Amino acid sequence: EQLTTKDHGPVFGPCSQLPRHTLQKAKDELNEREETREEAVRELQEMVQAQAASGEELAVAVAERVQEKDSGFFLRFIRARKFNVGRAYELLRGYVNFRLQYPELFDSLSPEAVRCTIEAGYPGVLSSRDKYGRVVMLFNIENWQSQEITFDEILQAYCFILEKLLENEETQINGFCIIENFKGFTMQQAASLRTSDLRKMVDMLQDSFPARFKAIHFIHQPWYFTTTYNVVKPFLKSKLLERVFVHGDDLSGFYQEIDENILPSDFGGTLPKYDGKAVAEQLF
């Protein structure tokens, strides 16, 4: 506690320093500034290739994909698995595995086509971190039309925005936090949701990307959100479930976690209605 939303560095821009006591926070996930980081990455690659030297298909796939990756890359996986090399490696396995199970989201990807979606505002990204230093990602389902923008395109956007934002060590340590504006959620939309797609999302969220998803928030959901929650509820591991938060309209427990002050009008905040063009530009 005793940490203001401001205390944390900029979203988007590669980190510059470790101040703002976040470095200590990481140390509290068993991090050591002194001798660990350097070796861990080594150990991982030593493990990556070792397990690929067995001839096993996956461990090999990994070895190929990561054959040309800076040390900061591998650190992303170390940081996310609490500095457990083994666990860290497993995240790398599942990480590659995801791309394999889901070709469409990474194969014909066009840097141009993606920008279109991100400018469209799906998803959104708060230009600011919450009081914890977490990238607050946004989605506003109101007026969404699945025929115009595919649930896939929206996920591909997530993937890009993750690959990018994860270049920032601050983000790596504070994690993410998603806001879900289900105010415009229609029954026509609820039934238009492929369970196959929902798993795709869930998968992204679980043991796929080297991120710390700390909280999912839902707001203004209809009385039938329970129907859609119960469909996904089986997929979510305990850790993630305990992090899903449905506030309804009583934000007297919501605004403590997320400061109304940094939120666009779209999500009950003071700021101007979310701008996709602004965000997208900073991306590229």
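We number the residues from 1 along the sequence you see.
Asker: If you average the CA temperature factors as listed in the entry, which stretch comes out higher, 7-15 or 20-28?
Answerer: Averaged over C-alpha atoms, the B-factors run higher in 20-28.
Asker: Of 30-38 and 237-245, which one has the bigger average CA B-factor?
Answerer: It is 30-38.
Asker: For the CA B factor values reported in this entry, which option in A53, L44, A215, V231 has the top one?
Answerer: That would be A53.
Asker: Using the temperature factors in the entry, find which of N84, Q147, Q172, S128 has the highest value at its Cα atom.
Answerer: By C-alpha B-factor in the record, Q147 ranks first.
Asker: Relative to the other modelled residues in the chain, which third contains the C-alpha temperature factor of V96: lowest, middle or highest?
Answerer: Middle third.
Asker: C-alpha B factor of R194, ranked within the chain: lowest, middle or highest third?
Answerer: For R194, the deposited C-alpha B-factor lands in the highest third.
Asker: Going by the entry, which third of its chain does the Cα temperature factor of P103 land in?
Answerer: For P103, the deposited C-alpha B-factor lands in the highest third.
Asker: In terms of the CA temperature factor given in the entry, to which third of its chain does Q206 belong: lowest, middle or highest?
Answerer: According to the entry, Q206 has a C-alpha B-factor in the chain's lowest third.
Asker: Which third of the chain holds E180 when residues are ordered by C-alpha B factor: lowest, middle or highest?
Answerer: It belongs to the middle third of the chain when residues are ordered by C-alpha B-factor.
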